[PDB]
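Only one chain is included here, represented as structure tokens and corresponding to the form deposited in one PDB entry.
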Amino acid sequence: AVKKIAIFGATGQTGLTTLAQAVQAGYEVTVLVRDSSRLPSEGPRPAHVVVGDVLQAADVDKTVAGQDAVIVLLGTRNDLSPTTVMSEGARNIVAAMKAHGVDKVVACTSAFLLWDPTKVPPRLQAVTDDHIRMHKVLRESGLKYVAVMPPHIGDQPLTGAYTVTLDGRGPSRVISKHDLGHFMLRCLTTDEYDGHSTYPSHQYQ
């Protein structure tokens, strides 16, 4: 079974809860962070912290070495400008995985990659274009890749009771950050989503 994981984007909205959940669940977690002050003191703590940047191949290589799987929760912290950070980071992650024999990656893009592609809000198009580039990098890597394509990420509690579809239709257009993290982790213990795109959603009310 997967025991050692790297998380990229662990200091982000979804990353922080995914990290806490992963440690509480018993994983040995390594994170790559640019700024360690963004990791919390309270609660569960990663086993290993690498300070560096996903755009630096050597920093990524150090983070991926020795792992059993990789979770990718990279994002732009609501900077909507044109960007290649996520796709360039994914290229570095794939190269490091291949260099170190790691074969499982679970990565978050967005439900816009399942929904009608002509209905992306204009303000989100640049980020979506880079999600599409990152998805291409991961799909073409040949590695076992679960594409997680969530709708709006909310603040609702952890439930573990959300629905996962393969087509972007579902009970709602929201997933709590906690449930999204829970789903990322679920993907580490099953093969059933490898090579698929997945849409987690739930009605919280």
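Shifts are known only where both forms have a C-alpha. The first residue of the shown sequence is 1; numbering continues from there. By rigid core we mean the largest C-alpha set that fits within 1.5 Å across both forms.
Just so you know, the form deposited in another entry exists too; it's not on screen, but the next bit is about it.
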| With the two forms aligned on the rigid core, which of the residues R169, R34, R139, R45 moves its CA by 2 Å or more between this form and the one not shown? | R169
| said: Please state whether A99 has a C-alpha shift of 2 Å or more between this form and the one not shown, with the rigid core used for the fit. | reply: no
| remark: A change of 3 Å or more separates this form from the other: in the other form, the C-alpha atoms of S176 and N78 are farther
| query | Given that the distance between the C-alpha atoms of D167 and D194 changes by 3 Å or more in the other form, do they end up closer or farther than here? | reply | closer
| field | Regions shifting between this form and the one not shown, defined as 3+ consecutive residues whose CA atoms all move 2 Å or more relative to the core | value | 78-82, 167-171
